[PDB]
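**Q** Got a structure here, written out as structure tokens. Questions coming.
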Amino acid sequence: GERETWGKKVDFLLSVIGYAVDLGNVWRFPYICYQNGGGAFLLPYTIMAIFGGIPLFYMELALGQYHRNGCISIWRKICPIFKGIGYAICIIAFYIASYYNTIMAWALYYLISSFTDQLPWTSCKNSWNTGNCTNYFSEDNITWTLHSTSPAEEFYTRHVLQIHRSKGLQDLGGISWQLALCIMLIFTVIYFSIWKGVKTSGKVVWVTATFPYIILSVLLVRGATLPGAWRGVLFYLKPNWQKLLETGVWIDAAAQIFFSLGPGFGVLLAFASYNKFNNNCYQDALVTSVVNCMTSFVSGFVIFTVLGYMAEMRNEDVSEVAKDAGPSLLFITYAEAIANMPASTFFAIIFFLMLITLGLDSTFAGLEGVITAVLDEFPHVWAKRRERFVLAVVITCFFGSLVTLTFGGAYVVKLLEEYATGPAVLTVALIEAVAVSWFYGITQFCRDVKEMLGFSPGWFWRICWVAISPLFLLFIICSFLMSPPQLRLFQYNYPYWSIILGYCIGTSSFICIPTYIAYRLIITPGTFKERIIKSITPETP
Amino acid sequence: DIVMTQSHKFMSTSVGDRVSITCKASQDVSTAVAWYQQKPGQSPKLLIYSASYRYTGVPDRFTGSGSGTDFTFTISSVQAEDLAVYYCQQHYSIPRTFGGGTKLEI
Amino acid sequence: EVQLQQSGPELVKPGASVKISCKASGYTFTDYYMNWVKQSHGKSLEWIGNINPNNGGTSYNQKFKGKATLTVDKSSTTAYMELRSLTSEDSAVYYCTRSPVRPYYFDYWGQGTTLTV
Ligand SMILES: CCCCCCCCCCCCO[C@@H]1O[C@H](CO)[C@@H](O[C@H]2O[C@H](CO)[C@@H](O)[C@H](O)[C@H]2O)[C@H](O)[C@H]1O
Ligand SMILES: Brc1ccc([C@@H]2CCNC[C@H]2COc2ccc3c(c2)OCO3)cc1
Ligand SMILES: *[C@@H]1O[C@H](CO)[C@@H](O)[C@H](O)[C@H]1NC(C)=O
Ligand SMILES: *[C@@H]1O[C@H](CO)[C@@H](O)[C@H](O)[C@H]1NC(C)=O
């Protein structure tokens with residue numbers, strides 16, 4: 001009687017779809033599709049989706065629907081030895097919400113600054129740029145200098161970020177009041193849209209996750225008809241069969257699909273924890289996976305048609321203009337691609353709003369997962385008033401992101417995106433998968449799926465849950481632990497101490513699970529094997 | 001990679017007449033084509049970039065036209081010093097590649 | 001007014017290594033790229049690699065992965081090219097050209113590296 005149920009069946013579907021879509025399929029997926037094998041990227045993408053995303057998604061959805069709990073205390077009914085996975089998920093999601101909200105802050109500042117008949121980043125002639133100006137081409141009579149930069153580039157690095165004022169990661173300079181007020185407004189929006197629960201989430205997703213689709217569609221309509229759109233699609237579909245021989249393309253496709261579906265994060269548990277008792281979760285997982293894949297595909301088309309248009313109006317070979325990886329692709333390149341076209345105001349506004357809501361829905365999903373997990377873990381003093389402990393986590397995440405709002409926050413947000421996410425979430429996901437697959441009993445899980453839906457899955461899903469997906473996850477994490485990356489951003493390299501701190505942050509979340517099994521022994525005295533046999537099998541419901 | 005073929009090295013047009021030479025491109029390019037000269041023994045020098053924009057410092061004798069796949073390098077009535085070799089360059093894709101070039105006889 | 005100096009002729013035993021020089025004078029060396037071209041005995045031109053003075057980057061050709069290692073010496077406005085694992089046919093004339101970022105033409109060249117084997 002302490003749980004709840006969604007308003008309808010489409011509400012949970014749209015909420016999980018909004019959780020499955022983010023800026024990933026907007027910018028990271030197409031750049032990967034071009035760099036990592038060209039048009040020949042789709043086949044390994046589909047392979048890794050069938051073998052790495054759908055199994056995890058189906059398993060987590062079914063377990064969350066049956067057990068009706070979060071991701072912290074849900075192991076009391078499954079396998080209580082890995083309860084630290086819950087707290088690891090909480091702190092991981094704290095890191096994620098602290099670094100992600102800065103992107104929405106950038107987007108909403110772009111929105112609030114894009115209300116003018118002449119966009120402030122179209123011409124370099126403002127009171128902040130330097131003598132290194134270089135207007136959009138419009139001609140072939142100019143010689144671009146290495147030190148010369150596009151007007152939108154210097155706008156993004158000198159007005160919305162003030163990044164040149166940062167003399168290195170050792171110092172920070174100062175917080176920007178503009179971005180501070182912007183992220184404060186976005187945090188108030190998140191709270192006032194997440195206060196009640198899934199009853200309000202299912203109503204706000206109707207406009208939160210559906211509005212991006214119409215914006216993407218009108219952008220595709222605008223792009224696919226301009227002179228030069230064909231080169232974009234040709235480059236997006238031109239295969240390169242030699243690339244699939246290297247393991248790099250395969251592991252990058254695996255990482256892309258795993259981050260696009262995002263399982264093992266502890267939010268599918270909370271979402272399915274409100275679904276009906278015997279809803280068609282198999283259909284739900286399949287539909288969500290295909291919708292996420294199709295969204296990534298159509299977003300790749302949308303970005304690459306305008307990239308090809310820009311490459312025909314400017315010099316060709318989008319590979320050169322698509323130099324850097326990150327939000328700079330949208331905030332600099334696509335920014336100019338939109339600004340140089342007629343009706344630039346409305347198009348920039350709708351694009352910025354689409355990015356804003358594609359951030360907000362994912363933030364909603366993550367915070368829902370966190371609050372539901374903690375409420376299921378601590379229902380004694382909490383769970384009576386849900387409006388409390390939500391302001392707590394919102395203020396904590398805001399004061400954590402405060403360190404990113406500084407003038408040199410791009411480096412730290414890219415660091416948090418690169419190291420705090422991948423390894424921690426991958427180890428957590430693989431550990432919970434081998435727990436619910438090797439310790440809880442895959443035969444018990446199949447019998448449970450039978451009891452819920454009405455027919456047990458075939459041997460294919462069985463071997464995918466037992467053999468394919470664990471090997472897949474460990475292969476990803478081992479490939480990531482094979483080549484230590486030395487990344488950079490905006491002509492600035494990352495020092496070695498920055499790499500050590502990134503390793504520490506990316507490991508301060510995996511060291512969270514052993515302290516639970518350590519504290520399990522002090523409070524409960526006795527032999528080790530007794531606690532092992534008590535924590536390998538679940539207790540009474 | 002990118003291959004820019006054209007006529008042979010011997011086939012050319014003598015002095016006084018109009019000299020038009022093309023250079024076949026593998027893929028399609030918008031305007032990213034450039035031509036060069038090199039006297040036998042010396043270093044190659046730039047003539048025209050973007051296939052139509054002559055670099056600052058060349059006489060009006062030089063002309064560039066053609067786009068897409070067919071690129072016309074039209075010259076006419078060369079002087080006693082315009083005789084040289086002419087390769088076709090592009091700016092499409094890494095690695096950039098030149099062409100075969102053509103003589104100028106007589 | 002803008003002259004670029006290089007090395008001269010060198011007949012070297014096959015298997016050894018030669019370091020080519022490229023002087024910059026006339027235009028700001030730290031503002032444009034520094035590429036190299038490979039041309040055989042009266043044959044076509046072929047691009048070799050790319051050099052950036054700010055960070056010493058190198059986007060080498062896939063056909064010259066190890067045939068030439070490229071470094072830059074911004075103090076003397078010079079950029080070397082470590083030519084290791086040389087054979088007889090790789091004894092070709094080279095050039096040091098300036099090039100702005102993405103018009104990709106070669107304004108001023110050198111004097112030709114008459115490398116004999
Ligand atoms: C066993 C428990 C854990 C032990 C400790 C693990 C600590 C790991 C520290 C970070 C390790 C490397 O971290 C990981 O590096 C890879 C490889 O570049 C990055 O990956 C990045 O570059 C690769 C290049 O191939 C791209 O394919 C990929 O899309 C991109 O994200 C990941 O974003 C980062 O998460
Ligand atoms: Br690694 C990793 C693993 C999974 C994901 C999912 C998958 C794709 N769709 C959105 C994304 C959700 O990312 C979040 C954003 C805000 C949040 C949050 C989580 O929790 C607290 O607030 C991203 C990175
Ligand atoms: C362009 O930026 C560089 C960065 O160091 C600076 O040295 C140079 O002075 C700038 N150009 C002008 C004209 O100021
Ligand atoms: C650009 O250069 C060309 C030379 O081919 C010249 O004809 C044209 O007038 C120039 N355009 C300018 C300077 O705007």
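Quick note on naming: the chains in the structure tokens go A, B, ... in the order shown, residues restart at 1 in each chain, and ligands are numbered from 1 in order of appearance.
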Find the residues in chain B near chain C: any atom within 9 Å counts, using only C-alpha atoms. Write them as a PyMOL selection string.
**A** chain B and resi 32+34+40-50+55+87+89-91+94-101
**Q** Can you work out which residues are within 8 Å of ligand 1, considering only C-alpha atoms and all ligand atoms, and then hand them over as a count of residues only?
**A** 32
**Q** Around ligand 3, out to 9 Å and counting only C-alpha atoms and all ligand atoms, which residues are there? I want them as a PDB file with C-alpha atoms, in the first residue's frame.
**A**
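For reference, result39.pdb as written:
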ATOM      1  CA  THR A 130      39.912  40.196 -30.096  1.00  0.00           C
ATOM      2  CA  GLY A 131      41.698  41.100 -33.321  1.00  0.00           C
ATOM      3  CA  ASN A 132      41.746  37.425 -34.365  1.00  0.00           C
ATOM      4  CA  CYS A 133      38.375  37.821 -36.135  1.00  0.00           C
ATOM      5  CA  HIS A 147      45.416  31.714 -34.608  1.00  0.00           C
ATOM      6  CA  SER A 148      42.238  32.848 -36.385  1.00  0.00           C
ATOM      7  CA  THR A 149      38.935  31.448 -35.121  1.00  0.00           C
TER       8      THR A 149
END
**Q** Using only C-alpha atoms, which residues of chain C come within 12 Å of chain A, and what is the closest atom pair for each, with the distance in Å to one decimal? Give it as JSON lines, sorted by chain and residue number.
**A**
{"residue": "C:27", "atom": "CA", "partner": "A:145", "partner_atom": "CA", "distance": 11.8}
{"residue": "C:28", "atom": "CA", "partner": "A:145", "partner_atom": "CA", "distance": 10.3}
{"residue": "C:29", "atom": "CA", "partner": "A:146", "partner_atom": "CA", "distance": 10.5}
{"residue": "C:30", "atom": "CA", "partner": "A:146", "partner_atom": "CA", "distance": 8.0}
{"residue": "C:31", "atom": "CA", "partner": "A:146", "partner_atom": "CA", "distance": 5.3}
{"residue": "C:32", "atom": "CA", "partner": "A:146", "partner_atom": "CA", "distance": 5.9}
{"residue": "C:33", "atom": "CA", "partner": "A:146", "partner_atom": "CA", "distance": 7.7}
{"residue": "C:34", "atom": "CA", "partner": "A:146", "partner_atom": "CA", "distance": 11.4}
{"residue": "C:51", "atom": "CA", "partner": "A:146", "partner_atom": "CA", "distance": 11.4}
{"residue": "C:52", "atom": "CA", "partner": "A:146", "partner_atom": "CA", "distance": 8.4}
{"residue": "C:53", "atom": "CA", "partner": "A:146", "partner_atom": "CA", "distance": 9.1}
{"residue": "C:54", "atom": "CA", "partner": "A:491", "partner_atom": "CA", "distance": 8.7}
{"residue": "C:55", "atom": "CA", "partner": "A:491", "partner_atom": "CA", "distance": 8.2}
{"residue": "C:56", "atom": "CA", "partner": "A:491", "partner_atom": "CA", "distance": 11.8}
{"residue": "C:57", "atom": "CA", "partner": "A:491", "partner_atom": "CA", "distance": 11.3}
{"residue": "C:59", "atom": "CA", "partner": "A:320", "partner_atom": "CA", "distance": 11.7}
{"residue": "C:98", "atom": "CA", "partner": "A:145", "partner_atom": "CA", "distance": 11.3}
{"residue": "C:99", "atom": "CA", "partner": "A:145", "partner_atom": "CA", "distance": 9.1}
{"residue": "C:100", "atom": "CA", "partner": "A:145", "partner_atom": "CA", "distance": 5.6}
{"residue": "C:101", "atom": "CA", "partner": "A:144", "partner_atom": "CA", "distance": 5.5}
{"residue": "C:102", "atom": "CA", "partner": "A:144", "partner_atom": "CA", "distance": 7.0}
{"residue": "C:103", "atom": "CA", "partner": "A:143", "partner_atom": "CA", "distance": 7.0}
{"residue": "C:104", "atom": "CA", "partner": "A:143", "partner_atom": "CA", "distance": 9.7}
{"residue": "C:105", "atom": "CA", "partner": "A:143", "partner_atom": "CA", "distance": 10.1}
{"residue": "C:106", "atom": "CA", "partner": "A:143", "partner_atom": "CA", "distance": 11.8}
{"residue": "C:107", "atom": "CA", "partner": "A:143", "partner_atom": "CA", "distance": 11.0}
**Q** Could the residues in this selection be written to a file with N, CA, C and O atoms, as a short mmCIF file (atom, residue, chain, number, x, y, z; two decimals), in the first residue's frame?
**A**
data_model
loop_
_atom_site.label_atom_id
_atom_site.label_comp_id
_atom_site.auth_asym_id
_atom_site.auth_seq_id
_atom_site.Cartn_x
_atom_site.Cartn_y
_atom_site.Cartn_z
N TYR C 27 57.33 35.80 -43.18
CA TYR C 27 55.99 35.75 -42.62
C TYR C 27 56.04 35.03 -41.29
O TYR C 27 56.95 34.23 -41.05
N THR C 28 55.07 35.32 -40.42
CA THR C 28 55.04 34.72 -39.09
C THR C 28 54.97 33.20 -39.18
O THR C 28 53.96 32.64 -39.61
N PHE C 29 56.05 32.55 -38.75
CA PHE C 29 56.15 31.10 -38.87
C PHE C 29 55.10 30.40 -38.01
O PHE C 29 54.65 29.29 -38.34
N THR C 30 54.70 31.02 -36.90
CA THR C 30 53.76 30.43 -35.96
C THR C 30 52.31 30.73 -36.33
O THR C 30 51.43 30.73 -35.45
N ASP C 31 52.02 30.99 -37.61
CA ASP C 31 50.67 31.31 -38.05
C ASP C 31 50.14 30.39 -39.14
O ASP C 31 48.92 30.31 -39.31
N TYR C 32 51.01 29.70 -39.88
CA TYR C 32 50.58 28.80 -40.93
C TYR C 32 51.23 27.43 -40.75
O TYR C 32 52.22 27.29 -40.02
N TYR C 33 50.66 26.43 -41.42
CA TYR C 33 51.15 25.06 -41.33
C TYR C 33 52.52 24.91 -41.98
O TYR C 33 53.05 25.86 -42.55
N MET C 34 53.08 23.70 -41.91
CA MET C 34 54.38 23.42 -42.53
C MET C 34 54.34 21.98 -43.03
O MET C 34 54.61 21.05 -42.26
N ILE C 51 52.32 19.78 -40.10
CA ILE C 51 52.95 20.20 -38.85
C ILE C 51 52.27 21.48 -38.37
O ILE C 51 52.01 22.40 -39.15
N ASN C 52 51.98 21.53 -37.07
CA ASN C 52 51.40 22.71 -36.43
C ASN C 52 52.41 23.29 -35.46
O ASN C 52 52.89 22.57 -34.56
N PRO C 53 52.78 24.57 -35.59
CA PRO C 53 53.82 25.12 -34.70
C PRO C 53 53.40 25.22 -33.25
O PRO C 53 54.27 25.20 -32.36
N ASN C 54 52.10 25.33 -32.97
CA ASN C 54 51.67 25.55 -31.59
C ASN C 54 51.84 24.30 -30.74
O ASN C 54 52.29 24.38 -29.59
N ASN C 55 51.50 23.12 -31.28
CA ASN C 55 51.55 21.91 -30.48
C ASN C 55 52.34 20.78 -31.14
O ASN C 55 52.36 19.67 -30.60
N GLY C 56 53.00 21.03 -32.27
CA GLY C 56 53.81 20.02 -32.91
C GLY C 56 53.03 18.81 -33.39
O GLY C 56 53.57 17.71 -33.47
N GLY C 57 51.75 19.01 -33.70
CA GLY C 57 50.92 17.92 -34.18
C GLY C 57 51.39 17.39 -35.52
O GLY C 57 52.17 18.01 -36.24
N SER C 59 49.46 15.07 -38.64
CA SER C 59 48.44 14.26 -39.30
C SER C 59 49.10 13.63 -40.52
O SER C 59 48.95 14.12 -41.65
N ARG C 98 54.54 26.65 -46.96
CA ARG C 98 53.60 27.26 -46.03
C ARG C 98 52.18 27.02 -46.50
O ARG C 98 51.90 26.91 -47.70
N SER C 99 51.26 26.91 -45.55
CA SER C 99 49.87 26.65 -45.89
C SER C 99 48.93 27.13 -44.79
O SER C 99 49.06 26.71 -43.63
N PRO C 100 47.98 28.01 -45.11
CA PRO C 100 47.01 28.44 -44.11
C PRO C 100 45.98 27.35 -43.83
O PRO C 100 45.83 26.39 -44.58
N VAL C 101 45.26 27.52 -42.71
CA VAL C 101 44.32 26.49 -42.30
C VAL C 101 43.06 26.55 -43.16
O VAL C 101 42.32 27.54 -43.18
N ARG C 102 42.84 25.47 -43.91
CA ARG C 102 41.77 25.08 -44.83
C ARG C 102 41.41 26.04 -45.96
O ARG C 102 40.23 26.16 -46.30
N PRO C 103 42.37 26.72 -46.60
CA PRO C 103 42.31 26.80 -48.07
C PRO C 103 43.14 25.72 -48.71
O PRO C 103 42.89 25.32 -49.85
N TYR C 104 44.13 25.22 -47.96
CA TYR C 104 45.10 24.21 -48.39
C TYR C 104 45.69 24.50 -49.76
O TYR C 104 45.47 23.76 -50.72
N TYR C 105 46.43 25.60 -49.88
CA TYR C 105 47.35 25.76 -51.00
C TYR C 105 48.76 25.99 -50.44
O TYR C 105 48.95 26.14 -49.23
N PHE C 106 49.75 26.03 -51.32
CA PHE C 106 51.15 26.16 -50.93
C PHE C 106 51.70 27.44 -51.55
O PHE C 106 52.12 27.45 -52.71
N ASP C 107 51.69 28.52 -50.77
CA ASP C 107 52.12 29.83 -51.25
C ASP C 107 53.58 29.84 -51.67
O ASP C 107 53.89 30.05 -52.85
#
**Q** Could I get the residue neighbourhood of ligand 4 at 6 Å, counting only C-alpha atoms and all ligand atoms, as a PyMOL selection string?
**A** (chain A and resi 141) or (chain B and resi 53-54)
**Q** What residues of the protein or nucleic acid chains come within 6 Å of ligand 2 when you use only C-alpha atoms and all ligand atoms? Reply as a VMD selection string.
**A** chain A and resid 19 to 22 93 to 94 96 to 97 259 to 262 265 362 to 363 366 to 367 421 to 422 425
**Q** Please return, as an MDAnalysis selection string, all residues of chain B lying within 7 Å of chain A when only C-alpha atoms are considered.
**A** chainID B and resid 30 92:93
**Q** Would you work out the distance separating atom CA of residue 84 of chain C from atom CA of residue 5 of chain C, expressed in Å to one decimal?
**A**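 Answer for the atom CA of residue 84 of chain C to atom CA of residue 5 of chain C separation: 22.0 Å.
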**Q** Let's see if you can do this: from backbone DSSP, list all alpha helix (DSSP H) residues in segment 414-475 of chain A, as JSON, numbers by chain.
**A** {"A": [414, 415, 416, 417, 418, 422, 423, 424, 425, 426, 427, 428, 429, 430, 431, 432, 433, 434, 442, 443, 444, 445, 446, 447, 448, 449, 450, 451, 452, 459, 460, 461, 462, 463, 469, 470, 471, 472, 473, 474, 475]}
**Q** Atom CA of residue 84 of chain B to atom CA of residue 104 of chain B: how many Å, to one decimal?
**A** 6.2 Å
